[PDB]
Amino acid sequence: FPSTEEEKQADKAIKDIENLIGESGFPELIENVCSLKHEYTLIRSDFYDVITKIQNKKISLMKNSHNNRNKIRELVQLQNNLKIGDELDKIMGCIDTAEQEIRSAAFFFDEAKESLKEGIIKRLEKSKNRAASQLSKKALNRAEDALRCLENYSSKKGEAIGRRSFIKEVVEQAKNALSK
């Protein structure tokens, strides 16, 4: 059992992460990220459904181009402003970063759990040129790193929800300008 202080320190950090992520672990957090990729596609879908409607109206108005001279431009100027693809990009970016940090956190978390236990085997063997404490230090500062990655994850996931709610409203607005 964890005895060397350094082990109880590595131990308590592992338990922090376990309680933080809960009974369902990194797989749960991966699924949270999947769900976001789902949100992303649907809002990309809604965005391009709107471009399509603008283009189909333009074509329809091009029957009498000159007469509809201002109305084409409003839809020209609608499409250019509704060129918010750099916000869709930013959401993609945020999501990609998040799924990155949950793979770093999972890999690091395992590295730490595996390292504490090698640490305890090394001490049970009395093979003590600190090799025991070296594993138990690597363990703590793999936990720290897993917690770092869970930190950045939470930031980027939030930015995603946020950016997505902004563009979803800009799309629904553009959409309900056309439906009349």
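Position 1 is the first residue in the sequence shown; the rest follow in order.
With 72-80 and 96-104 compared on mean CA B-factor from the PDB entry, the stretch scoring higher is 72-80. For the pair 122-130 and 50-58, the record assigns the higher mean C-alpha temperature factor to 122-130. Comparing C-alpha B-factors across 32, 45, 155, 65 in the deposited entry, the largest value falls on 65. Sorting the modelled residues of the chain by their CA temperature factor places residue 159 in the lowest third. When all modelled residues of the chain are sorted by CA temperature factor, residue 138 is found within the middle third. Residue 18: CA B factor lies in the middle third for its chain, per the PDB record.
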